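Data block below; observations after.
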Amino acid sequence: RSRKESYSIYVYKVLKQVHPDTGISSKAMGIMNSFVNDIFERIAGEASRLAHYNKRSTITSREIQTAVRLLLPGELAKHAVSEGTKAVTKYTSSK
Amino acid sequence: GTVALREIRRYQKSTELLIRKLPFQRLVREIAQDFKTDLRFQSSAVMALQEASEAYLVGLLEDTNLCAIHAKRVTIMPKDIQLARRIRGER
Amino acid sequence: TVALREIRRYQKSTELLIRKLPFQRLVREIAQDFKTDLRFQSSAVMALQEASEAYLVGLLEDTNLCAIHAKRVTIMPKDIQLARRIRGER
Amino acid sequence: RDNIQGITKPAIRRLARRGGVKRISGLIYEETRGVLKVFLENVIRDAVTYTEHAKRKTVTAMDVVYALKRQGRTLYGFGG
Amino acid sequence: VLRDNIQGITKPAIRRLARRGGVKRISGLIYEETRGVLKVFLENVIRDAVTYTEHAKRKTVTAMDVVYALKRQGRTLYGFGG
Amino acid sequence: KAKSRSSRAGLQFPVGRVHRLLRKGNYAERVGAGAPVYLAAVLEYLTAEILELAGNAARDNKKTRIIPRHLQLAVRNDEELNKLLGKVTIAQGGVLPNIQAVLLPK
Amino acid sequence: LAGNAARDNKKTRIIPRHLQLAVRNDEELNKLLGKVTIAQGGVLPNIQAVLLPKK
DNA sequence: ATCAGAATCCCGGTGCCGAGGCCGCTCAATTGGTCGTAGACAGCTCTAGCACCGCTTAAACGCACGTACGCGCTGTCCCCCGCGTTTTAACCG
DNA sequence: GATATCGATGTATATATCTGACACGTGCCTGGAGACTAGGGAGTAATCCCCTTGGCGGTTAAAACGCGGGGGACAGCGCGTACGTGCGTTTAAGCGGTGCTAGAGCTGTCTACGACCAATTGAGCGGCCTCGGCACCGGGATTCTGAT
C-alpha cells in the first residue's frame, strides 16, 4: 500500500518488446497512466451499472463482453468478443 | 420572418406530439429491422423517443439560429450546423 | 507580416504561458476564503492550471472559428456567450 | 425513398418554427435528417445490444431509459 | 496582499494564447464578461474539487480527486495523477 | 518456484490486479474472477492501437519523440476518437502546422 | 415550485410544460438539471431584435 | 404615432382511453441474536504543504501613433416566404 | 594613384564541457496463485397474457406545387476606433532552497455493526371497476404587425 502503484510500467514493457530505443516523456507518462486508470474505472463502472440494472448479481463473461461492446464501437468490440470467446474456450479446454 | 416570430411563440406554447402512429413508427421500425429484424417498440416509448428527438432538435436548431444571427440579419447555412456541431463536439 | 513569424514560433514551442505561482496563490486564497485551513497539492495546482489553459484555448479557437465564419477576425462578447450557450454550461 | 421522406419538409419547418431558425434551406433539411439517423441508429443499436444480453429481442421503457443514459445526456421517459 | 486578487489574473496571457489560436484582435467589452465568468467557473471548480477530497478525511486536495471532479463536471483533463 | 498465471496465460499485463479490487472492494459476492483477463486483453489491444496511432503521428514531423501535443494531433485527426471524448480537450493542443488561406497573404 | 408556477400560469393541475418552466426558472436548476429536458421544452423570452426585418 | 389584419391565447363541448382508485398477496420490510469484521481514532515514516528569500529580468501595466477592421449604407439576384388549392395522410375508432 | 603589408573585428566554425532529461537496472515488498469449502444466480424453457404492428375507413388539417415577390449574404466603400506594435516602469516569476511543521498514507487497536437465519406482516402493483382532462373543433380576448 505504501508502494505507489503505477500502470505505465506495463505499457513500458510492451513498448520495450516493440521499440525499446524510443519512448515517452514524464508528463506524457502521467497522461497515459491517467488514461489507463480512467478506462479501468469506466469499465468497472460499466460492469456495476449493468449488474445493477439487469438485477445481474453476477459478472462472468457475457456481462463484461456487453460492457466492452457498450464502451467501444460495434465492429472493433465484435472482433474483440470473437477472439475473447476463443481465448476463454481455449483456456478452459487446456487447463 | 416577422410573422415567423409569432409562429415561434405559438409553437413555443404547444405541448402535443405531431407524427406518432403512421410515421415515426415506420421510421424506428425500419431502422430496427436494419440492425436486427423482428423488433417492436412500446407506444409510450415511441412517444418518449419522439419527444426527446424533437426537444434535441429544438435546442440544436436554436443554437444554429443564434449562430446564424452572427452572419447578419436572418439566413441559415449548412456551414452553420457543421461549425456548431464541431464546436460542441458532435461532428 | 510578423503574424506569420509568431504563428511559426508558437507552433514550434509549447511553454505554459500561465505561471504556476500567481495561479497557486490565487487558488490558496480562494480555497482559504471558502474553507479555512486546508492544504493544496502542487500537482493539483498544475493540473488545474492546465485545465484552465485548455478550456480557454478551446474557447478561443471556437471564438476564432465563429469569427472567420462571419467574415471577421475581431470578435464581440456575444460570440463567447454563444459558445457557452451551445455548450450549455451557462 | 420513403425512409428519408419519413419526416417531411414542413415537419422540419415546424421544428424550425419552434427551434429558433427563421430562415431555412433545402440542404439544411438533409443535414438534420442525417443527424437524426445517426442519433436514432445509436439509440436503437444500444437498445439492441441491451435486449440481446438478456436474450429478449424487444425494448421496454426501462431499456430505452438505460440506452439513452449511456449517451451521457440522460433523459427521463414515461413509466419506469 | 493575500486577499482581493480578482484583478490578479491577467488578460494579456489570454490575449497571447488567442493570438496563438489565430485571433488577431480582441475587444474591451470581452474581458469584462470573460473574467467574470472565468472567476465563476474557477469558484465552482475549486468548490467541487475540494468537496471531492473531503470524503477520505484528508486535508490536502489530491490530484486524482481533482481529475475525477473535472470528470464529473464533464470538462475533464488528464495529468500526472488520476 | 511459484506458478503464476502470467507465464501460463502469456500476458504481460497484470492478471490479479483486478482481483485486488474485487476482493478488498467487496463489490459483490459474485463479481470479476474471469473479468481480469477479458479487460486486460481489451486494454492491451486498445493500447496497441493508441501506440500505433501515436507512432504514425510522430513521424509526420520528421521527429522521433513522443509528446502529448502529438497525442492531441492524432486524436483530433480521428473523428471517432473525437466523438469518444467530445467534452474533453487536452492541454498544449494549439493549432495544426497546416495554415489556412484566411491567415496567409494574397 | 412547479405548483406556484402553474398557479401563476392560470392552471389548477400540473403538466410537463409547467415542470419545464419551473426547471428553467431557477438558474441553479438549469446548471445542474440542464443535462435533462422534458417534452415540448421551453425557455424564457431571450429573443433579440434582429429577427424582424429592418426598415 | 395609429388603425386594420393574421395569428395567437384562453375558454367551451365531446370521444375516450389512459388516468383515479379498491382489493389481494406475496415477495419483500422489520424486528431480534452472533460476532468476526471493517470503519474511526492514536501513533511511525517522512513528503511535501504555507510563506518567504538572493538575483536576473520577462512580462504586466500604462501610454503614443495609426491601420485593419467594426459597423453601417448601398447594389443584386436568387432563393426561399405568403397564400390558394389539391391530395394525402395522422390520428382516430 | 598603385602595389604590397598590418591588423581587426565581426562571422562563422567548429571543439570541448557540463547539464537537464530520458533510459536501463536494483533492493525489496506486498499481494496474487494454488486450493479447498461453501453459497447463489443466470442459461434454458414453459406459460399466461398483453400489446404493439398490420390493416380498413374517415375526414379534415397539413404536405406540396404554382405563382407572386421581396429581402438579405456577399462585395465594396466610408467614418471612426481601438488595440497592434512598441517604449518606459516596476515587480515579482523563476531557479534553487529553507523555516516550521501538518498530515499522506499506513499500522495498530478497538468497538459498533450487518450477512445469516427465522418469524411476522404489510406496500406496491397486477387485475380490474370507474372516470375526467388531452386532443380536436369552434368562438371570444391578446399580441404582434403591415401600411400610412
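Side notes on the structure shown:
- Given (1) near DNA strand I (Cβ under 9 Å from one of its atoms); (2) more than 14 Å from the chain's Cα centre (by Cα), number of the condition G:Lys35 does not satisfy: (1)
- Top-ranked residue in the stretch B:1-20 [being near DNA strand I (Cβ under 9 Å from one of its atoms) and among the β-branched types (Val, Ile, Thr); ranked as surrounded by the most Cβ atoms within 10 Å (Cβ to Cβ)]: B:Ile19
- Every residue from the stretch E:43-55 that is surrounded by fewer than 19 Cβ atoms within 10 Å (Cβ to Cβ), away from DNA strand H (no atom under 11 Å from the Cβ) and of a type outside the set (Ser, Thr, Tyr): E:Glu43, E:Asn44, E:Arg47, E:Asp48, E:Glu54
- Members of the stretch D:44-62 found to be facing chain A (nearest Cβ under 10 Å) and within 12 Å of B:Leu49 (Cα to Cα), listed by number: none
- Every residue from the stretch E:7-36 that is closer than 18 Å to C:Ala31 by Cα and either in contact with an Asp or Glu (Cβ under 8 Å, 6 or more places away or on another chain) or away from DNA strand H (no atom under 11 Å from the Cβ) (or both): E:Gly36
- Any helices (runs of 4 or more DSSP H) falling wholly within chain C and containing at least 1 residues that are at the interface with chain E (Cβ under 9 Å from one of its Cβ atoms), closer than 20 Å to E:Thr62 by Cβ and within 18 Å of the chain's Cα centre (by Cα): C:20-34, C:42-69
- Cβ separations smaller than 7 Å between residues 6+ apart or across chains give the following pairs from the stretch A:8-26 residues that are within 7 Å of chain F (Cβ to nearest Cβ) to residues that are among the aromatic types (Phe, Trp, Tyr) and more than 16 Å from DNA strand H (Cβ to nearest atom): A:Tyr10/F:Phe13.
- The one condition from (1) under 30 Å from A:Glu63 (Cα atoms); (2) surrounded by 14 or more Cβ atoms within 10 Å (Cβ to Cβ); (3) of a type outside the set (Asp, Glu) that F:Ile67 does not meet is (1).
- Selection of the stretch G:1-19 for residues being more than 12 Å from DNA strand H (Cβ to nearest atom) and among the polar types (S, T, N, Q) yields only G:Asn4.
- Test for E:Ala69: is it surrounded by 13 or more Cβ atoms within 10 Å (Cβ to Cβ), more than 14 Å from chain A (Cβ to nearest Cβ), out of contact with any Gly (no Cβ under 8 Å at 6 or more places or on another chain) and in a helix (DSSP H, G or I): no
- Test: residue in the stretch A:18-26 that is part of a helix (DSSP H, G or I), among the charged types (D, E, K, R) and surrounded by fewer than 16 Cβ atoms within 10 Å (Cβ to Cβ): no
- Residue among A:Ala51, A:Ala28, A:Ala47 that alone is away from DNA strand H (no atom under 16 Å from the Cβ) and under 16 Å from the mean Cα position of the chain (by Cα): A:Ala47
- Out of E:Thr62, E:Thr76, sole residue that is near DNA strand I (Cβ under 8 Å from one of its atoms) and crowded, with 18+ Cβ neighbours inside 10 Å: E:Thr62
- Some residue of the stretch D:11-21 being surrounded by fewer than 15 Cβ atoms within 10 Å (Cβ to Cβ) and either at the interface with chain B (Cβ under 7 Å from one of its Cβ atoms) or touching a residue at least 24 places away in the same chain (Cβ under 8 Å) (or both): no
- Scanning the stretch F:51-83 for residues that are charged (D, E, K, R), more than 14 Å from the chain's Cα centre (by Cα) and within 22 Å of A:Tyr10 (Cβ to Cβ) turns up just one, F:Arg65.
- Screening the stretch B:21-40 for residues that are touching a helix residue (DSSP H, G or I) at 6+ places or on another chain (Cβ under 9 Å) and within 6 Å of DNA strand I (Cβ to nearest atom) and picking the one that is farthest from D:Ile4 (Cα to Cα) gives B:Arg40.
- Residue check, F:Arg8 within 11 Å of chain A (Cβ to nearest Cβ), more than 16 Å from DNA strand H (Cβ to nearest atom), among the charged types (D, E, K, R) and under 25 Å from A:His19 (Cα atoms): yes
- F:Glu79 vs. criteria among the acidic types (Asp, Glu) and more than 29 Å from A:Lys16 (Cα to Cα): yes
- Count of residues meeting criterion [among the hydrophobic types (A, V, I, L, M, F, W, C), under 26 Å from E:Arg72 (Cα atoms), in contact (Cβ under 8 Å) with a residue 12 or more places away in the chain and in a loop (DSSP other than H, G, I, E, B)] in the stretch G:7-55: 3
- When the residues of the stretch E:24-43 are filtered to those that are without any contact (Cβ under 8 Å) to a residue 12 or more places away in the chain and under 11 Å from the mean Cα position of the chain (by Cα), the one that is farthest from the other protein chains (Cβ to nearest Cβ) is E:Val40.
Each reported figure results from applying straightforward, stated rules to the coordinates on display, with no laboratory input. Every residue, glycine as well, gets a Cβ built from its backbone with ideal geometry; the counts of neighbours run over all protein chains shown.
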